[PDB]
Structure formats: C-alpha cells, structure tokens
>>> print(open('run34.txt').read())   # compact mmCIF, N, CA and C atoms
# COMPACT_ATOMS: atom_id res chain seq x y z
N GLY A 1 186.73 -136.41 122.64
CA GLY A 1 185.47 -135.94 121.98
C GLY A 1 185.19 -134.47 122.22
N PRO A 2 183.98 -134.01 121.84
CA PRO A 2 183.59 -132.61 122.01
C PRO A 2 183.24 -132.30 123.47
N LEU A 3 183.17 -131.01 123.81
CA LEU A 3 182.67 -130.60 125.12
C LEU A 3 181.15 -130.53 125.10
N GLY A 4 180.54 -130.77 126.25
CA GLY A 4 179.10 -130.67 126.38
C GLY A 4 178.61 -129.25 126.16
N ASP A 5 178.44 -126.37 121.02
CA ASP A 5 177.25 -126.49 120.19
C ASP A 5 177.65 -126.83 118.74
N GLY A 6 178.34 -127.96 118.56
CA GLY A 6 178.80 -128.38 117.22
C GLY A 6 177.95 -129.47 116.57
N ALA A 7 178.44 -129.98 115.44
CA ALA A 7 177.75 -130.99 114.64
C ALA A 7 177.62 -132.32 115.39
N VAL A 8 178.55 -132.61 116.29
CA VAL A 8 178.55 -133.83 117.12
C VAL A 8 178.54 -133.38 118.56
N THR A 9 177.53 -133.80 119.31
CA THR A 9 177.48 -133.43 120.73
C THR A 9 178.27 -134.43 121.57
N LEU A 10 178.60 -134.05 122.79
CA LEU A 10 179.29 -135.00 123.69
C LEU A 10 178.39 -136.22 123.92
N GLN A 11 177.08 -136.00 124.05
CA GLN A 11 176.16 -137.13 124.28
C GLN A 11 176.19 -138.10 123.10
N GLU A 12 176.19 -137.58 121.88
CA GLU A 12 176.29 -138.46 120.69
C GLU A 12 177.58 -139.24 120.71
N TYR A 13 178.67 -138.57 121.03
CA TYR A 13 179.97 -139.22 121.06
C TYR A 13 179.99 -140.34 122.10
N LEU A 14 179.51 -140.06 123.30
CA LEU A 14 179.50 -141.07 124.36
C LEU A 14 178.58 -142.24 124.02
N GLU A 15 177.41 -141.95 123.45
CA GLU A 15 176.50 -143.04 123.04
C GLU A 15 177.13 -143.93 121.99
N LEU A 16 177.87 -143.35 121.05
CA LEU A 16 178.53 -144.14 120.01
C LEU A 16 179.66 -144.99 120.62
N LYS A 17 180.46 -144.42 121.52
CA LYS A 17 181.50 -145.22 122.16
C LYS A 17 180.89 -146.38 122.93
N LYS A 18 179.74 -146.15 123.56
CA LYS A 18 179.14 -147.24 124.32
C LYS A 18 178.55 -148.29 123.37
N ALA A 19 178.00 -147.87 122.24
CA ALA A 19 177.47 -148.84 121.28
C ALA A 19 178.60 -149.70 120.74
N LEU A 20 179.75 -149.09 120.46
CA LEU A 20 180.91 -149.86 119.99
C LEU A 20 181.41 -150.81 121.07
N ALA A 21 181.48 -150.36 122.32
CA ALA A 21 181.94 -151.24 123.40
C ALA A 21 180.97 -152.43 123.56
N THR A 22 179.69 -152.14 123.45
CA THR A 22 178.64 -153.18 123.56
C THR A 22 178.80 -154.20 122.43
N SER A 23 179.06 -153.73 121.22
CA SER A 23 179.22 -154.63 120.08
C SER A 23 180.48 -155.44 120.22
N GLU A 24 181.59 -154.84 120.63
CA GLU A 24 182.82 -155.58 120.89
C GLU A 24 182.64 -156.62 121.99
N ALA A 25 181.90 -156.28 123.04
CA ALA A 25 181.68 -157.25 124.12
C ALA A 25 180.90 -158.45 123.56
N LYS A 26 179.93 -158.18 122.71
CA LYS A 26 179.12 -159.25 122.11
C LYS A 26 179.99 -160.12 121.23
N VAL A 27 180.91 -159.55 120.46
CA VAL A 27 181.84 -160.37 119.67
C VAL A 27 182.63 -161.29 120.60
N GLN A 28 183.13 -160.77 121.72
CA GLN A 28 183.94 -161.57 122.63
C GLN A 28 183.09 -162.70 123.22
N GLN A 29 181.85 -162.40 123.58
CA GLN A 29 180.98 -163.42 124.17
C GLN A 29 180.65 -164.48 123.12
N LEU A 30 180.37 -164.06 121.89
CA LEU A 30 180.12 -165.03 120.81
C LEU A 30 181.31 -165.93 120.61
N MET A 31 182.52 -165.40 120.65
CA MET A 31 183.69 -166.23 120.45
C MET A 31 183.87 -167.22 121.60
N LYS A 32 183.56 -166.81 122.82
CA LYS A 32 183.65 -167.72 123.96
C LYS A 32 182.60 -168.83 123.86
N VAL A 33 181.35 -168.49 123.57
CA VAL A 33 180.32 -169.50 123.44
C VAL A 33 180.63 -170.41 122.24
N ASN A 34 181.06 -169.85 121.11
CA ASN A 34 181.34 -170.71 119.95
C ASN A 34 182.49 -171.68 120.26
N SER A 35 183.48 -171.29 121.03
CA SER A 35 184.56 -172.20 121.45
C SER A 35 184.00 -173.33 122.30
N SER A 36 183.14 -173.01 123.25
CA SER A 36 182.51 -174.03 124.08
C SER A 36 181.70 -175.00 123.22
N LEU A 37 180.89 -174.47 122.32
CA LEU A 37 180.07 -175.30 121.44
C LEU A 37 180.93 -176.16 120.54
N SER A 38 182.07 -175.67 120.10
CA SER A 38 182.94 -176.43 119.22
C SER A 38 183.56 -177.60 119.97
N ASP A 39 183.85 -177.44 121.25
CA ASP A 39 184.38 -178.53 122.07
C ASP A 39 183.27 -179.57 122.26
N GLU A 40 182.05 -179.09 122.50
CA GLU A 40 180.88 -179.99 122.70
C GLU A 40 180.63 -180.79 121.44
N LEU A 41 180.80 -180.18 120.28
CA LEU A 41 180.59 -180.87 119.00
C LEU A 41 181.46 -182.11 118.95
N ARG A 42 182.72 -181.97 119.31
CA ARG A 42 183.65 -183.11 119.23
C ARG A 42 183.24 -184.24 120.18
N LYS A 43 182.73 -183.86 121.36
CA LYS A 43 182.29 -184.86 122.34
C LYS A 43 181.09 -185.62 121.80
N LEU A 44 180.12 -184.92 121.23
CA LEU A 44 178.96 -185.60 120.69
C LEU A 44 179.32 -186.48 119.49
N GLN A 45 180.27 -186.04 118.67
CA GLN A 45 180.70 -186.87 117.56
C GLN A 45 181.31 -188.16 118.09
N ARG A 46 182.09 -188.07 119.14
CA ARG A 46 182.68 -189.27 119.74
C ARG A 46 181.62 -190.22 120.30
N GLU A 47 180.52 -189.68 120.83
CA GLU A 47 179.43 -190.51 121.32
C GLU A 47 178.79 -191.26 120.16
N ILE A 48 178.65 -190.63 118.99
CA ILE A 48 178.20 -191.36 117.81
C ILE A 48 179.19 -192.47 117.45
N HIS A 49 180.50 -192.20 117.55
CA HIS A 49 181.49 -193.27 117.21
C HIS A 49 181.26 -194.47 118.11
N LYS A 50 181.08 -194.20 119.39
CA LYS A 50 180.85 -195.22 120.39
C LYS A 50 179.61 -196.06 120.02
N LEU A 51 178.49 -195.38 119.79
CA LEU A 51 177.24 -196.09 119.53
C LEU A 51 177.19 -196.76 118.16
N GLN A 52 177.87 -196.18 117.16
CA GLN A 52 177.94 -196.79 115.85
C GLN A 52 178.70 -198.11 115.93
N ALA A 53 179.80 -198.13 116.68
CA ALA A 53 180.56 -199.36 116.84
C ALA A 53 179.69 -200.43 117.51
N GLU A 54 178.93 -200.03 118.53
CA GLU A 54 178.04 -200.99 119.23
C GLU A 54 176.99 -201.48 118.26
N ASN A 55 176.40 -200.56 117.49
CA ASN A 55 175.34 -200.93 116.54
C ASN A 55 175.84 -201.98 115.55
N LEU A 56 177.03 -201.75 115.02
CA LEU A 56 177.58 -202.66 114.01
C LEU A 56 177.88 -204.04 114.61
N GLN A 57 178.36 -204.08 115.84
CA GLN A 57 178.60 -205.39 116.50
C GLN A 57 177.27 -206.12 116.76
N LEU A 58 176.23 -205.38 117.17
CA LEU A 58 174.94 -205.99 117.46
C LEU A 58 174.33 -206.55 116.19
N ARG A 59 174.56 -205.91 115.04
CA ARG A 59 173.97 -206.37 113.77
C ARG A 59 174.69 -207.56 113.19
N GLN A 60 175.90 -207.82 113.67
CA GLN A 60 176.72 -208.87 113.05
C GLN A 60 176.11 -210.16 113.55
N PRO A 61 175.67 -211.05 112.63
CA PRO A 61 174.95 -212.26 113.02
C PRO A 61 175.84 -213.24 113.79
N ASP B 1 188.09 -128.77 117.96
CA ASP B 1 187.70 -128.30 116.61
C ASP B 1 186.70 -129.24 115.96
N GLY B 2 185.67 -128.64 115.38
CA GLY B 2 184.50 -129.36 114.90
C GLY B 2 184.78 -130.29 113.73
N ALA B 3 185.69 -129.93 112.85
CA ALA B 3 186.03 -130.80 111.72
C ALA B 3 186.70 -132.07 112.23
N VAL B 4 187.58 -131.93 113.22
CA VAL B 4 188.32 -133.08 113.77
C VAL B 4 187.31 -133.98 114.51
N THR B 5 186.44 -133.39 115.32
CA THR B 5 185.42 -134.15 116.02
C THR B 5 184.51 -134.92 115.07
N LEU B 6 184.08 -134.27 114.00
CA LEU B 6 183.28 -134.96 113.00
C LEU B 6 183.99 -136.18 112.45
N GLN B 7 185.25 -136.03 112.08
CA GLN B 7 185.98 -137.15 111.50
C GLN B 7 186.14 -138.27 112.52
N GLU B 8 186.38 -137.93 113.77
CA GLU B 8 186.52 -138.96 114.81
C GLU B 8 185.22 -139.75 114.94
N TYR B 9 184.10 -139.03 114.94
CA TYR B 9 182.79 -139.64 115.05
C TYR B 9 182.52 -140.55 113.87
N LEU B 10 182.77 -140.06 112.65
CA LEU B 10 182.55 -140.90 111.46
C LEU B 10 183.41 -142.16 111.44
N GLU B 11 184.66 -142.05 111.91
CA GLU B 11 185.50 -143.26 111.99
C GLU B 11 184.91 -144.24 113.00
N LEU B 12 184.41 -143.75 114.13
CA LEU B 12 183.77 -144.61 115.11
C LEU B 12 182.53 -145.28 114.52
N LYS B 13 181.74 -144.54 113.74
CA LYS B 13 180.57 -145.15 113.09
C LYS B 13 180.97 -146.28 112.15
N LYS B 14 182.04 -146.07 111.39
CA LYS B 14 182.53 -147.13 110.51
C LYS B 14 182.96 -148.34 111.34
N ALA B 15 183.69 -148.10 112.42
CA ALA B 15 184.09 -149.21 113.31
C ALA B 15 182.89 -149.96 113.85
N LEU B 16 181.85 -149.23 114.23
CA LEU B 16 180.65 -149.89 114.74
C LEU B 16 180.01 -150.76 113.68
N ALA B 17 179.88 -150.25 112.46
CA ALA B 17 179.31 -151.05 111.38
C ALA B 17 180.12 -152.32 111.14
N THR B 18 181.45 -152.20 111.18
CA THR B 18 182.33 -153.36 110.97
C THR B 18 182.10 -154.38 112.11
N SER B 19 182.05 -153.90 113.36
CA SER B 19 181.82 -154.78 114.50
C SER B 19 180.45 -155.45 114.39
N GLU B 20 179.43 -154.72 113.94
CA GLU B 20 178.09 -155.29 113.81
C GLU B 20 178.07 -156.39 112.77
N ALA B 21 178.85 -156.22 111.70
CA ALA B 21 178.93 -157.24 110.65
C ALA B 21 179.59 -158.50 111.23
N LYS B 22 180.62 -158.32 112.04
CA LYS B 22 181.30 -159.45 112.70
C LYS B 22 180.36 -160.17 113.65
N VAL B 23 179.56 -159.42 114.41
CA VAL B 23 178.54 -160.03 115.28
C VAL B 23 177.59 -160.87 114.44
N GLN B 24 177.11 -160.34 113.32
CA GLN B 24 176.15 -161.09 112.51
C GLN B 24 176.77 -162.38 111.97
N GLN B 25 178.02 -162.30 111.54
CA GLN B 25 178.72 -163.50 111.07
C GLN B 25 178.89 -164.53 112.19
N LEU B 26 179.27 -164.09 113.37
CA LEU B 26 179.44 -165.03 114.50
C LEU B 26 178.12 -165.57 114.97
N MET B 27 177.03 -164.81 114.84
CA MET B 27 175.69 -165.31 115.18
C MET B 27 175.29 -166.41 114.21
N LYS B 28 175.60 -166.21 112.93
CA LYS B 28 175.35 -167.23 111.90
C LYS B 28 176.06 -168.53 112.22
N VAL B 29 177.34 -168.45 112.55
CA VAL B 29 178.06 -169.67 112.85
C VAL B 29 177.62 -170.27 114.20
N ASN B 30 177.29 -169.45 115.19
CA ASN B 30 176.71 -169.94 116.45
C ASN B 30 175.45 -170.73 116.18
N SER B 31 174.59 -170.22 115.30
CA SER B 31 173.32 -170.88 115.01
C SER B 31 173.58 -172.23 114.33
N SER B 32 174.54 -172.27 113.41
CA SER B 32 174.89 -173.51 112.70
C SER B 32 175.47 -174.52 113.68
N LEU B 33 176.36 -174.08 114.56
CA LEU B 33 176.94 -174.95 115.58
C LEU B 33 175.82 -175.52 116.44
N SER B 34 174.87 -174.69 116.85
CA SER B 34 173.77 -175.10 117.72
C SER B 34 172.90 -176.13 116.99
N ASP B 35 172.55 -175.83 115.74
CA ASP B 35 171.78 -176.80 114.92
C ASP B 35 172.49 -178.15 114.83
N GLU B 36 173.80 -178.11 114.65
CA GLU B 36 174.54 -179.36 114.48
C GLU B 36 174.64 -180.14 115.79
N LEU B 37 174.77 -179.45 116.91
CA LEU B 37 174.74 -180.12 118.21
C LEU B 37 173.40 -180.76 118.46
N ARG B 38 172.31 -180.09 118.10
CA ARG B 38 170.99 -180.70 118.30
C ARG B 38 170.82 -181.92 117.42
N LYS B 39 171.30 -181.84 116.19
CA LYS B 39 171.20 -182.96 115.25
C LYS B 39 172.00 -184.14 115.77
N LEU B 40 173.23 -183.89 116.21
CA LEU B 40 174.04 -184.99 116.77
C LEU B 40 173.34 -185.63 117.93
N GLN B 41 172.73 -184.83 118.81
CA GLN B 41 172.05 -185.41 119.97
C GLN B 41 170.89 -186.29 119.53
N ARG B 42 170.14 -185.87 118.54
CA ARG B 42 169.03 -186.70 118.04
C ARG B 42 169.58 -188.00 117.43
N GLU B 43 170.70 -187.92 116.71
CA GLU B 43 171.31 -189.11 116.10
C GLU B 43 171.82 -190.07 117.16
N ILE B 44 172.42 -189.55 118.24
CA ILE B 44 172.85 -190.37 119.37
C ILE B 44 171.65 -191.11 119.93
N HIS B 45 170.56 -190.40 120.14
CA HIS B 45 169.39 -191.01 120.74
C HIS B 45 168.77 -192.08 119.83
N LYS B 46 168.77 -191.83 118.53
CA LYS B 46 168.26 -192.84 117.60
C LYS B 46 169.13 -194.10 117.65
N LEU B 47 170.45 -193.96 117.68
CA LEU B 47 171.33 -195.15 117.83
C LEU B 47 171.12 -195.85 119.15
N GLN B 48 170.97 -195.10 120.22
CA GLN B 48 170.76 -195.72 121.54
C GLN B 48 169.47 -196.55 121.51
N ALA B 49 168.41 -196.00 120.92
CA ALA B 49 167.12 -196.70 120.85
C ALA B 49 167.25 -197.92 119.94
N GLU B 50 167.90 -197.77 118.79
CA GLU B 50 168.06 -198.91 117.87
C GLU B 50 168.90 -200.00 118.51
N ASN B 51 169.97 -199.63 119.23
CA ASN B 51 170.78 -200.65 119.89
C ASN B 51 170.00 -201.42 120.94
N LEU B 52 169.17 -200.74 121.71
CA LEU B 52 168.34 -201.43 122.69
C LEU B 52 167.31 -202.32 122.01
N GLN B 53 166.80 -201.92 120.85
CA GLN B 53 165.88 -202.79 120.06
C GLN B 53 166.62 -204.03 119.56
N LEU B 54 167.87 -203.88 119.12
CA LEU B 54 168.64 -205.04 118.62
C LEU B 54 168.93 -206.05 119.71
N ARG B 55 168.89 -205.59 120.95
CA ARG B 55 169.10 -206.44 122.11
C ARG B 55 167.79 -207.16 122.53
N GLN B 56 166.65 -206.81 121.92
CA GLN B 56 165.34 -207.37 122.33
C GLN B 56 164.81 -208.34 121.29
>>> encode(input="run34.txt", output="structure tokens")
Amino acid sequence: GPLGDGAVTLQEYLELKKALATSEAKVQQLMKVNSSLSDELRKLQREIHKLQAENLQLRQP
Amino acid sequence: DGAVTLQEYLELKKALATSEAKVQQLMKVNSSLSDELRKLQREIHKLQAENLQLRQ
C-alpha cells in the first residue's frame, strides 16, 4: 500500500484490508455454523421418523 | 505510485463487496436452516404429545 499525501492514505488502505479480513472471517464462521446446523437437521428428521413410526403403530387398531 | 495504489484499493473494494454479498447469501441460508430446525423441533414435540395421548 501507500506510505503514511495521495488519493489513498495508508490508514484507508489498512482499514479496507481489515474490513475484507473481517468479512472473510464471517464467511468462514457462517460456513462452519451452517455445517453444524445441516448435521442437526438430519438428526431432527430422524427423530420425526422414529416418532412417526410409533404414531402409526399406536393408531393401528 | 498513486495510480497503482488507487487501482489496488479499488480492486480491494470490489473484493469486499463480493465478500459482503457472500455473507448475505450465507446469512439467508443460515436463517432458513434455523427456521427449519425450529419447525422440526415443534413437529417432534407435537408427535411426542400425540403419542402420549394415544396411550391414554
């Protein structure tokens, strides 16, 4: 980047690099949480399979 | 050189905008995943309650 009197100051450059790093970190965190949530989704779906099977047996006269 | 610095800065701004769009898309899908997990949990609980009623 520039040295600490042009169109882009060193402070502007550093602030932009930090904003990009912050946004990239947030993408990584979103991907980690979405992976965890996607695994949880499958577990909860399986719990419905379990209870649906029980429900159908209980209803059978 | 100031022209080179300007171009580097503008490319970084474009990268930031692209990253922000990706964050917004992943937030959208996070929210949908979260809504669907809450819905499944409510459906599990309704089946659990109905099954216990069928036993009474």
>>> interface_residues(input="run34.txt", of="chain B", to="chain A", cutoff="6.5 Å", atoms="all atoms listed in the file", output="MDAnalysis selection string")
chainID B and resid 2 5:6 15:16 19:20 22:23 26 30 33 37 40 44 47:48 51 54
>>> atom_distance(input="run34.txt", atom1="atom N of residue 39 in chain A", atom2="atom N of residue 34 in chain B")
10.4 Å
>>> atom_distance(input="run34.txt", atom1="atom C of residue 4 in chain B", atom2="atom C of residue 18 in chain B")
21.2 Å
>>> axis_aligned_box(input="run34.txt", around="range 23-42 of chain A", padding_each_side="4 Å", output="lines of an AutoDock Vina configuration file")
center_x = 181.8
center_y = -169.0
center_z = 121.6
size_x = 13.5
size_y = 38.5
size_z = 13.2
>>> atom_distance(input="run34.txt", atom1="atom C of residue 46 in chain B", atom2="atom N of residue 53 in chain A")
11.4 Å
>>> decode(input="run34.txt", residues="chain B", atoms="C-alpha atoms", output="short mmCIF file (atom, residue, chain, number, x, y, z; two decimals), in the first residue's frame")
data_model
loop_
_atom_site.label_atom_id
_atom_site.label_comp_id
_atom_site.auth_asym_id
_atom_site.auth_seq_id
_atom_site.Cartn_x
_atom_site.Cartn_y
_atom_site.Cartn_z
CA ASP B 1 2.95 5.42 -7.35
CA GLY B 2 -0.50 6.86 -6.86
CA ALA B 3 -2.18 5.35 -9.92
CA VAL B 4 -1.07 1.84 -8.90
CA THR B 5 -2.19 2.42 -5.29
CA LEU B 6 -5.58 3.63 -6.48
CA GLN B 7 -6.11 0.54 -8.60
CA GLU B 8 -5.06 -1.76 -5.74
CA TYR B 9 -7.54 -0.02 -3.44
CA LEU B 10 -10.39 -0.23 -5.97
CA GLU B 11 -9.75 -3.95 -6.53
CA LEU B 12 -9.89 -4.46 -2.74
CA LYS B 13 -13.20 -2.56 -2.62
CA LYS B 14 -14.62 -4.86 -5.29
CA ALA B 15 -13.40 -7.89 -3.31
CA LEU B 16 -15.08 -6.54 -0.19
CA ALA B 17 -18.39 -6.03 -1.99
CA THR B 18 -18.19 -9.60 -3.35
CA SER B 19 -17.42 -10.98 0.14
CA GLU B 20 -20.31 -8.96 1.63
CA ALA B 21 -22.69 -10.44 -0.95
CA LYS B 22 -21.48 -13.95 0.02
CA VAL B 23 -22.07 -13.14 3.71
CA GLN B 24 -25.62 -12.01 2.93
CA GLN B 25 -26.30 -15.20 0.96
CA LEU B 26 -24.93 -17.40 3.77
CA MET B 27 -26.95 -15.43 6.34
CA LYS B 28 -30.07 -16.13 4.27
CA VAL B 29 -29.39 -19.84 4.21
CA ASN B 30 -28.40 -19.83 7.94
CA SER B 31 -31.76 -18.22 8.73
CA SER B 32 -33.64 -20.82 6.63
CA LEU B 33 -31.72 -23.69 8.27
CA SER B 34 -32.53 -22.21 11.71
CA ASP B 35 -36.23 -21.82 10.84
CA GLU B 36 -36.36 -25.41 9.64
CA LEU B 37 -34.66 -26.75 12.78
CA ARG B 38 -37.19 -24.90 14.94
CA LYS B 39 -40.06 -26.25 12.85
CA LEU B 40 -38.76 -29.82 13.09
CA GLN B 41 -38.45 -29.47 16.86
CA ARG B 42 -42.05 -28.27 17.14
CA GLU B 43 -43.20 -31.20 14.92
CA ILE B 44 -41.25 -33.67 17.11
CA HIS B 45 -42.94 -32.27 20.18
CA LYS B 46 -46.41 -32.45 18.61
CA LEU B 47 -45.83 -36.15 17.74
CA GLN B 48 -44.50 -36.87 21.23
CA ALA B 49 -47.62 -35.27 22.77
CA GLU B 50 -49.99 -37.04 20.35
CA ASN B 51 -48.31 -40.40 21.01
CA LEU B 52 -48.70 -39.98 24.76
CA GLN B 53 -52.39 -39.06 24.19
CA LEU B 54 -52.88 -42.25 22.10
CA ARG B 55 -51.55 -44.20 25.06
CA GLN B 56 -54.21 -42.64 27.41
#
